[PDB]
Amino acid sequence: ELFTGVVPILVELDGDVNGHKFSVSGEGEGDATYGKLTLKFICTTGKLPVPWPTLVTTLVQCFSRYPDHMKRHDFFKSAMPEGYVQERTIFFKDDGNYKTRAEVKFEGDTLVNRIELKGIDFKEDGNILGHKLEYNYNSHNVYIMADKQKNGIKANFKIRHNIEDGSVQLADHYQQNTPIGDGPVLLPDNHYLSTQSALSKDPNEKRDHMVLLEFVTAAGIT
């Protein structure tokens, strides 16, 4: 019942990639009923040192639409409102890696996502620091599975980023979510979230920014 209508979302990221520091703020709405997300981000420190698309997975899986027969497998929502801690190690192929940690939870009537990111070992002439990624996005499945010992879930997936020259840059994600609260939570059977994203720009917008539209739906359980 928290995700019954449109829930406002607020995002805050502080990162550091090869010594370069940056901040990103975002605002939006989520509608777990359609599993739709509309967010907008702004680099508040000037210009983003890495391509915007590399931050999409980092910058709220609680807005996924879970079919009715799949409701007992919804860890994300069942953890609200104390929220949960999401962590990932993202490995960019033949390049470096981002290590992230975030707390997603309700602060009042707003779903907030506070993140801290650290990226090391990035090649200067690579697709990432070299900004060779096209500004668009592909479709993926986020495999999810419970971590009973930690009372949470583990998830994993491979994102494919389109480089300008036509090739693709794989970014391997390894995820871990644990509750912030102390009570029972819903531990799921193995399943996945079919995720789709679309990036664009607000033409009346001067700051470095990205507008993001995503759709997520759980699938995998019959």
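In case it trips you up, residue 1 is the first one in the sequence shown, and so on.
Can you tell me how many deposited residues have no coordinates between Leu59 and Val60? The categories are none, 1 to 3, 4 to 9, and 10 or more. Count of unmodelled residues in between: 1 to 3.
Could you settle it for me: does 9-17 or 205-213 have the higher average Cα B factor in the PDB entry? So the stretch with the higher mean C-alpha B-factor is 205-213.
Please compare 140-148 with 110-118 and say which has the higher mean C-alpha temperature factor in the record. It is 140-148.
Kindly indicate the residue among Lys93, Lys71, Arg88, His131 with the greatest C-alpha B-factor in the PDB record. When the deposited C-alpha B-factors of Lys93, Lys71, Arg88, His131 are compared, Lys71 is largest.
Among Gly30, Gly183, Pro53, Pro49, where is the Cα temperature factor highest, going by the PDB entry? In the PDB entry, the greatest C-alpha B-factor among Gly30, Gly183, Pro53, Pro49 is found at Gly183.
Looking at the C-alpha B-factor of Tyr34, is it in the lowest, middle or highest third of its chain? For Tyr34, the deposited C-alpha B-factor lands in the middle third.
Sorting the chain's modelled residues by C-alpha B-factor, tell me whether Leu170 ends up in the lowest, middle or highest third. For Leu170, the deposited C-alpha B-factor lands in the middle third.
Could you place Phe157 in the lowest, middle or highest third of its chain by Cα temperature factor, using the values in the record? Highest third - that is where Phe157 ends up once the chain's C-alpha B-factors are sorted.
Looking at the C-alpha B-factor of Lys77, is it in the lowest, middle or highest third of its chain? According to the entry, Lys77 has a C-alpha B-factor in the chain's lowest third.
Taking the C-alpha B-factors as the PDB entry records them, is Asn190 in the lowest, middle or highest third of its chain? Ranked within chain, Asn190 CA B lands in the middle tercile.
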